[PDB]
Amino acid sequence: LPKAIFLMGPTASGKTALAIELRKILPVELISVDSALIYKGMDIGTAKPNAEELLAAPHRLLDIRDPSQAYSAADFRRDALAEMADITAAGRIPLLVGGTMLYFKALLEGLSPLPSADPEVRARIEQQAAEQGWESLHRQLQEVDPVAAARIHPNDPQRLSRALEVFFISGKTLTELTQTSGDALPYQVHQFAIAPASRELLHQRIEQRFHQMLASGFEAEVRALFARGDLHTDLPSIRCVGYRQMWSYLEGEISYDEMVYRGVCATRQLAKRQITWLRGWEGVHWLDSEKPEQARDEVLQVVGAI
């Protein structure tokens, strides 16, 4: 029953700022919960904390992967669980910060044990999609696993592929394996979420931030990655907001102004979904991004003196 804290929220909501200020009055250790902040070489477009901030409040799970190697909610849970052990062992409290809700979820509720990605069976699945389309595959999932087929739309290639893969590797069906639940988070968690008071203020912060990045050398950053010649748009790292658009720009597929428009929109759409996650998330205490930055107090009281 050790204690732990979750500081969630959408992009540009001031989560990072709040976390280090918290480090000041609480015996907490910061753990990053961000699918993009894991990449080495992706610092400005991901809004990664700078070296000074990191000096004040160290973050675990940052720069732990090369943009060419995919991560997963499963890998995060493992790494996260291990980092928490180490932290609580030191008599301090784990403060998980980020905007990647699926990771928070996988960590909190666990994950049904399932086979990991198998590049070979995926390549085959992709192959059959090009020849017969994803419909042929969805009709096949329909035969072996109807429960999953009803949930997964025939237009959802990632989930469709995933449901077939599990079956092709184990022979066991996805709905059958998911009947076994994953290990819940053996911690007492206090979940907070911070966001601006209105959707429009969020949009302004998003657009403004995107320009601060361009002005901080974002383009050059993405070019360094473009120059490696080994990264492609089917990699989680390149599909990240901002990066994907900038990649289209370096490929000469779109103009600069077009890239800036799409990156901003892409970031707003991301925020929209993040808010969808938080809405209905159980046990969430809401805090305000805007000036009520002194929301640390609401944290101080909910978690109480430790």
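The first residue of the shown sequence is 1; numbering continues from there.
Taking only CA atoms, the mean B-factor in the PDB entry is higher for 207-215 than for the other of 207-215 and 93-101. Averaged over Cα atoms, the B-factor as recorded in the entry is higher for 197-205 than for the other of 158-166 and 197-205.
Looking at 149, 137, 107, 85, the one whose CA carries the top B-factor in the deposited record is 85. The residue among 31, 47, 54, 38 whose C-alpha atom has the highest B-factor in the PDB entry is 54. Annotation for residue 223: C-alpha temperature factor in the middle third relative to the rest of the modelled chain, per the entry. In the PDB entry, residue 270 places in the lowest third of its chain by CA B-factor. Residue-level temperature factors show residue 132 in the highest third of its chain, judged at the C-alpha atom. Residue-level temperature factors show residue 184 in the highest third of its chain, judged at the C-alpha atom.
When the modelled residues of the chain are ordered by their C-alpha B factor, residue 118 lands in the middle third.
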